Amino acid sequence: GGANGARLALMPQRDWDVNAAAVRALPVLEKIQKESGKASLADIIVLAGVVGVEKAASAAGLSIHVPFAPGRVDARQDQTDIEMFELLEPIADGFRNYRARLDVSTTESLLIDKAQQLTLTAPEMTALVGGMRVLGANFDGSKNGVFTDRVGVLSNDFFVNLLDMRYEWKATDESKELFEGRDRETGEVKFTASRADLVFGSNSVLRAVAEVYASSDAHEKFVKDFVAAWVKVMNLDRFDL
Amino acid sequence: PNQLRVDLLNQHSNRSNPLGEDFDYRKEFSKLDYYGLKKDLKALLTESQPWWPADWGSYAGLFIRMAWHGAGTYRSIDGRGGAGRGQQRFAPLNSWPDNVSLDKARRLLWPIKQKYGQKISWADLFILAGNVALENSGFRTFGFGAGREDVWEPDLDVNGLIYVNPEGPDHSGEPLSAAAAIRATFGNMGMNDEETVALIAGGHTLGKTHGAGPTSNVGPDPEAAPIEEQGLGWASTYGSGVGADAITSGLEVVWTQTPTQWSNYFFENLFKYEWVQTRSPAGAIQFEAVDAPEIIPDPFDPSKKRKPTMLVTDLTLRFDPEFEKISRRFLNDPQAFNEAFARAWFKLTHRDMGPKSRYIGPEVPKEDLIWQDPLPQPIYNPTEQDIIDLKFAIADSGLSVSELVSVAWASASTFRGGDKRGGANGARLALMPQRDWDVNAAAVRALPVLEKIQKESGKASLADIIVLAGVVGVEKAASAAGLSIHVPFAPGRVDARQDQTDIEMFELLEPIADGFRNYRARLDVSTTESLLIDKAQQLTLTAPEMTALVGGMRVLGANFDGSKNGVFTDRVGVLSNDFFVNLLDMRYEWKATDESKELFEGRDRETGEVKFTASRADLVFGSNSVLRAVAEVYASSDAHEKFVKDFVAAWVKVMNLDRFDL
Amino acid sequence: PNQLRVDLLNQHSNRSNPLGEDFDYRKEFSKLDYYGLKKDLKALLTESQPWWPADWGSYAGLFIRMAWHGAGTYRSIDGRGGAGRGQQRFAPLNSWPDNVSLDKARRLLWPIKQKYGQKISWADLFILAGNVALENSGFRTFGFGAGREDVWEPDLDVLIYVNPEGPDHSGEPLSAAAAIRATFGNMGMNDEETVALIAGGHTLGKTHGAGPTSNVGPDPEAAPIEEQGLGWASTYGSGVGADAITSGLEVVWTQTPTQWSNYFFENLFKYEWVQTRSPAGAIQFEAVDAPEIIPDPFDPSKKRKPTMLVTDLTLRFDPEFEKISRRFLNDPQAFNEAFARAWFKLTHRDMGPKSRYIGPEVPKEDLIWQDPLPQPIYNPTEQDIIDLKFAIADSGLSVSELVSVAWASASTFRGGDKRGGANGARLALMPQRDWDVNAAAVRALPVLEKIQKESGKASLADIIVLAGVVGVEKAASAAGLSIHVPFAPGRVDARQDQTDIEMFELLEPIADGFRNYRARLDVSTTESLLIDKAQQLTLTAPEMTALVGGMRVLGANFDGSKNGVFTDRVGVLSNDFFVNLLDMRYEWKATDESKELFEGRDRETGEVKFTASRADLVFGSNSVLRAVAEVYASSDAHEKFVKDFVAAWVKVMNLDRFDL
Ligand code: HEM
Ligand code: HEM
């Protein structure tokens, strides 16, 4: 797996359920790559994320440098065996609120399993979930777990809103993968979430990291931690480096 | 002869430090048995070494002199010299005519120094030796502050004597003419009339002067004698050469009759007895109390006495109408004398030490003084949200990248390295006289906004908000060039009062030139590029640091008066390497506009049209080869992120130079 | 006037580096598109800038001259100068009389340099520019090795060869022979190599002198700041192009002035010569009774008859050179062979061992002036080294002797041209075996050689450095301050067939302050010689101080005298040297007028307890040095002295480990 090769552009990943929205940014980048014949589409694809994160950090008054390692290459359809790559399709990607079937495991166990496959630590997984939530990186762009009003700015709003005893959370149906937050005083409904947003206030080891990021001295800290974890996940398949 | 001294910027590197680059003097000092060291020093005060016998069994008169000569090379105009760096141990100062026999004083200190190691530094040990010497004669001290950390190279600055000829001006034994000499020399050190009286009268109550025979008996200074002399100069063929034959100044004066006890006898004799003219054996003019008995015990022979005597320089006070009044003030009240002398002595030995946050140890006085440039305790404690909020506010104020950077630089760049004065702590940019200086005129136009942002937010001080404005400006300009970076910010500065900013001692901090903003005042003083070096040295920068900052400040448009001298770009306000690229590009030829060649036009060598202008401060970076060697690094094709990081690090270094509180 | 240049020791610190102290030149070079750079340089060779137009459209004769002038400041006696550090860019050399117009040659290189960055260094770029210039004219090169890493200060530790107009401006080619011979020999070139170099260097290009020399303005370090780094401006005509004045003469040697050929010798012998002068009134030699065949560099309708320099006719009229010159006259392939060998040499002579060469054109033939080393026939394991240490420990050599042999082998390294060091075991071969200073150390060789026969697991260079390791570890244990002394294995022993005695006799010390050896008493002062030795080792003043003191207590005196042995436990590593040196108990008197020996007596009893030389006693006379002495003599500095001495020792053991 990984970002080297630009398999997102070839089959079968172009056409996977979870990739559906992300794919709407492909034809622009491809064009930016014809006009510039100076990089490959794998490098331009990772650079797009670099620009997005730097913009969002500037919006929160916490500007940071996002490192970029160039030199990826684009592979050819002939080197991408669809049957071998169909095994790489996620049954669940908690980091973007995609779960496929409802008879395999729990959403939060699948979250752990995904994070392990990425060789992350528990802090790393916590920081990334929260960041991806404020940046609005939901597949299908729903507002599950978007605990903020400045969608696209990289703040600690997710942990602050998740932990503050203002809202009580109710489950909407017998499925129990969807919950509403309402204010424990007025009753109104301000947020929605899934089991992947809400394990971070139920498991005590995870909540112990949430609180670190939700505390008063953890703005620059959350930004640095998220940026380091992001760059680590950008570079996992760079064995050429 | 006519050479840039870029080699100023290389001094005090990793190569010459015999200790680590991790040695923390403060932490070593924490281990010092400070009062046990004072015990061993007072012990030494009377342990008489045969190669240099003690006068009246007491080296005290010797130590006070050595500490006073240390401190007395200070200059108020730039902050160089003084006793803050221990420099009296190295050449050239160790060998100047005025320090004959001070190598003995330094030599006699080596056993204490050796027992204690780096836990005290030579530069602290000297001043403390003088203090203990005073405290052991009956006199009481104002207090002492350690913290002078030692260095390992002799500072190449520009400087014979310390203040005046002891023998009247031009060796003409008239006390009258000596008055103006003393006045000028001591004033340029920052002392007024009364302080001069107290110092010269106190310094001359203890000890004596040495001159048994012809000076020709004395050998070469320490940096000129045979290698077997092992660091000691001024050997003497007269009699023993030492003891009662010691010859240093050449004159033989003893001022009191208890030459090892404090008293009020200097003034007493000064006015009581009249005086006649003679000369000590070495043919130098002397004044001796006339019609007096024998009262002064002789330093080595008991059964012998001498009638009071004086130096020409001792007789300006009491005669120059001005000084007489302070001197009789003190004659008829020695408690005033003691108080004034002690305050002046503390001052003299702590004037190039800087803000009270640099003082360490258990005798640091509690009274704040005006020559300390004092700062008040803080009434603010900004949180993290408060800072993000201030940054949104300043960003949304309408100041341009140019203006924001201008105010931050104008506030920080007053720091000197020599005596540790200036810097951004205190908000002196807002008070007199800096609000009204020529170079600050434009930067000042961003003050009334920030002050308002500071009323609305009562969460930080104006010094912190002033440095934060520059932080916002630099972060914006880095984002414009596609090279976004984090600009570090250290909060916790405090705003001072006009009551702590003596306009007279801050008018010495006014730049004659700030090459980093294209301001040069007068045209008779130096070259623009040597003034640039001098400014950078005062900031303790390296040549790369100075290069990166000049270029950055040029693209951000940080010119005072905001002219287009050296603005080699079209995107003014974005932080690119455009300055070095256009500067080195053989496309443009540069011509001088007039005979006062401080202005040049660039026209393209093809069409001939004029695209840029510059001054000598922009164009040394393509004429001096050491500087151009760094320019090319920044102008090369792999050096965009590099230039941004280097400029940001140098900026933050110049923001934090006066943060000794940290 | 009479100073101790301790200030030499401070150069090249963190403060003046604009690149950081992590920059690995080798690793940056790994990224270079080396052949694409060669393509861009070849492009440059013919792209003519209006402010210095190209002769015959070609800047090649300019770049060969720049590269040769770079390399030609070398000296064989110490290893200073040369082209290994890029120094031709800085003062003073950038402004010397003999480098006029090489500032424009360096300026024309800046676009390539800028496109490439730190991937190539100025000091490599120069030599490669000259190479490409040669390769584009028809001539073939021996090979090229990059690796010259750039520096940022002008080296304070110090007429490139001869005057073209005969010695003392007397236009007699005869007298110029001895001048050429001496000057080129100082560089380690023999007769044939000199002939080849001069004759080759003078086939491409020309000399410039349209008008009077007074039209030329001041050198780069004296000109107005608007000149932006270029000197020698000219009021004559255009001042540039066909009006260029640099040297001042007007000589063109061939008729295809941009193609390789054999015409230099051809016309040299194939014409008599008359004496004229170029327009600037300088002596020239003119091929007499000749036609018009030399194309004019900027007018395609004028011609000129061959011409020569006095220094070109020396290698013809002189009897000695005539024979090599005719050898080559009747054999131009021999000419190409010899010139190319000599040119590779001239540009790689201060580069050092083949392990310092990088890039894809490094020749494969080892040469003698490279000081070659063979491939290793040993790979010692960890037990093998513990075993050798038990063996050496149990041999019966004293701490003094062991330390003596290790130091005697390592201390030949110079920093300038990178020669010497402990790799190779030249201490065992000629001529170092029989050098004066080595006499005592040699008495520990026959033991180690035997330990090296019994064990066939390491080389004698490794066993020699290991002996010093054991000695220092023992001495630290004696002082109650036990420490680990690092060892890097993998040295190789060289063969007498690779140790040219003549070029290793240049490595003999006139003085080694660290073991109390001086040779002659009319060269310099003992303490300035000490500084000079320490600089050649690239040490800092603290490093030099710590090592002198340590070597004194370990008793590492050559001849094992007791000059400066300020202790009673000789062989234990204490700070006794600095403590006794500084303690005001003893007064020091000089024994005679040749004041290099002094007695210490007690200033109280008067008895004589120590002796010393000027090399022991500068450390209490110079104030910068005494400032470090006191650090080591102070009460909290026992472990500190041990660690500092051990680090400096290991640094001097590893100076020539460019293989690592
Ligand atoms: C107008 C300013 C001054 C002049 C002209 C002056 C002159 C002299 C001279 C000529 C000596 C004799 C040196 C020798 O032969 O050993 C001396 C000694 C001495 N000076 Fe001053 N001095 C001045 C200021 C001061 C100050 C400001 C202090 C202390 C704050 C001071 C402290 C001493 C002491 C204690 C001695 C006695 C030296 C001994 O016992 O060996 N002097 N002075
Ligand atoms: C006896 C030794 C030498 C003498 C006396 C000498 C002298 C000269 C002089 C006077 C010039 C004219 C410079 C000018 O006006 O531009 C010149 C040019 C030149 N030198 Fe030499 N040189 C010597 C050795 C060498 C060597 C060893 C080389 C190369 C290996 C060399 C390569 C060149 C070249 C290529 C030029 C042509 C310059 C051009 O085209 O601008 N020279 N030489």
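Counting starts at 1 for both ligands and their atoms, following the listed order. FYI, side chains are in, hydrogens and waters are out, and symmetry mates aren't considered; it's all heavy atoms of this structure. Chain letters run A, B, ... following the sequence lines, proteins first and then strands; every chain starts at 1.
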Peer 1: Among protein heavy atoms, which lies nearest atom 16 (O) of ligand 2, and at what distance?
Peer 2: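 Here the nearest protein heavy atom works out to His208(C) ND1, 3.2 Å.
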Peer 1: So how far is it from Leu197(C) CG to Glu192(C) CD, rounded to the nearest 0.5 Å?
Peer 2: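 Reported to 0.5 Å precision, the distance equals 11.0 Å.
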Peer 1: Nearest 0.5 Å, please: how far is OG1 in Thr194(C) from CD1 in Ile180(C)?
Peer 2: 8.5 Å
Peer 1: Which ligand 1 atoms are under 4.0 Å away from a heavy-atom of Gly61(B)?
Peer 2: 35 (C), 37 (C), 38 (C), 39 (C), 40 (O)
Peer 1: Say whether, by atom type as modelled, one donor and one acceptor occur between the side chain of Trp56(C) and the main chain of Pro295(C) under 3.5 angstrom.
Peer 2: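 Checking the backbone N and O of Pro295(C) against the side chain of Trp56(C), a donor-acceptor pair under 3.5 Å is found.
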Peer 1: Assess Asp55(C) for proximity to ligand 2: is some non-hydrogen atom of it under 4.0 Å away?
Peer 2: no
Peer 1: Can the ring centroids of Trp343(C) and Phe139(C) be said to lie less than 6.0 angstrom from one another?
Peer 2: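 Here the rings of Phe139(C) and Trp343(C) have centres that are no less than 6.0 Å from each other.
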Peer 1: Kindly assign one of parallel, tilted or perpendicular to the pair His202(C) and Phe264(C), based on the angle between their ring planes and the thresholds 30° and 60°.
Peer 2: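 Judged by the thresholds at 30° and 60°, the geometry between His202(C) and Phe264(C) is perpendicular.
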Peer 1: Give, for atom CZ of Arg183(B) and atom OG1 of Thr316(B), the distance between the pair rounded to the nearest 0.5 Å.
Peer 2: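 Interatomic distance, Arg183(B) CZ to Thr316(B) OG1, rounded to 0.5 Å: 9.0 Å.
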Peer 1: How far is atom 9 (C) of ligand 2 from the closest protein heavy atom, and which atom is that?
Peer 2: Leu309(C) CD1, 4.3 Å
Peer 1: Please list, in number order, the atoms of ligand 1 under 4.0 Å from a heavy atom of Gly207(B).
Peer 2: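 So the answer, numbered in order with elements, is 40 (O).
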Peer 1: Would you kindly specify which portion of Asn163(C) sits under 4.0 Å from ligand 2, judged on non-hydrogen atoms: side chain, backbone, both or neither?
Peer 2: neither
Peer 1: Using 2.8 Å as the cut-off, note every protein N, O or S atom close to atom 21 (Fe) of ligand 1.
Peer 2: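 Near atom 21 (Fe) of ligand 1, the protein supplies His204(B) NE2.
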Peer 1: Using salt bridge (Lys or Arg N to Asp or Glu O under 4.0 Å) as the criterion, list what pairs up with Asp312(C), not counting sequence neighbours.
Peer 2: none
Peer 1: Under 4.0 Å from a heavy atom of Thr246(C): which atoms of ligand 2 are those, numbered in the order shown and with their elements?
Peer 2: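 So the answer, numbered in order with elements, is 14 (C), 15 (O), 16 (O).
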Peer 1: Quick test of your reading of the structure: of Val162(C), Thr314(C), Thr194(C), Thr203(C), whose heavy atom lies closest to atom 1 (C) of ligand 2?
Peer 2: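 That would be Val162(C).
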Peer 1: Is it the case that ligand 1 has an N or O less than 3.5 angstrom from some N or O of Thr313(B)?
Peer 2: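 No, there is no polar N/O contact under 3.5 Å.
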Peer 1: Do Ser249(B) and ligand 1 have an N or O pair less than 3.5 Å apart?
Peer 2: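 For ligand 1, there is an N or O atom that lies under 3.5 Å from one belonging to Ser249(B).
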Peer 1: Output, in order, the C-alpha distance, side-chain angles, deciding distance and verdict of side-chain contact (heavy atoms from CB on, under 4.5 Å) for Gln286(B) and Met310(B).
Peer 2: CA-CA 6 Å; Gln286(B) 279 209 141; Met310(B) 281 274 163; over 6 Å; no
Peer 1: Suppose we measure from atom 40 (O) of ligand 2 to each protein heavy atom; which comes out shortest, and what is that distance?
Peer 2: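 Nearest protein contact, heavy atoms only, for atom 40 (O) of ligand 2 is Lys206(C) N, 3.0 Å.
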Peer 1: How close does the nearest protein non-hydrogen atom get to atom 19 (C) of ligand 1, and which residue and atom is it?
Peer 2: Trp255(B) CH2, 3.9 Å
Peer 1: Does the pair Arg341(C)/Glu193(C) count as a salt bridge with the N-to-O cut at 4.0 Å?
Peer 2: no
Peer 1: Look up atom OH in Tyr59(C) and atom NZ in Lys104(C), then write down how far apart they are to the nearest 0.5 Å.
Peer 2: 10.5 Å
Peer 1: Can you tell whether the side chains of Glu250(C) and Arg304(C) come within less than 4.0 Å, N to carboxylate O?
Peer 2: yes
Peer 1: Counting only non-hydrogen atoms of the protein, does one fall under 4.0 Å from atom 3 (C) of ligand 2?
Peer 2: no
Peer 1: Among all protein heavy atoms, pick the one closest to atom 30 (C) of ligand 1 and tell me residue, atom and distance.
Peer 2: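 The answer is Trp345(B) CZ3, 3.6 Å.
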Peer 1: Looking at CG of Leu311(B) and CH2 of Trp255(B), how far apart are the two atoms once the value is rounded to the nearest 0.5 Å?
Peer 2: 5.5 Å
Peer 1: Relative to the heavy atoms of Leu249(C), which atoms of ligand 2 are at a distance of less than 4.0 Å?
Peer 2: 10 (C)
Peer 1: Are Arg316(C) and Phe265(C) in a cation-pi setup, meaning NZ or CZ lies under 6.0 angstrom from the ring centre and within 45 degrees of the ring axis?
Peer 2: no
Peer 1: So which heavy atom in the protein is nearest atom 11 (C) of ligand 2, and how far is it from that ligand atom?
Peer 2: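 Minimum-distance protein heavy atom for atom 11 (C) of ligand 2 reads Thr207(C) CG2, 4.0 Å.
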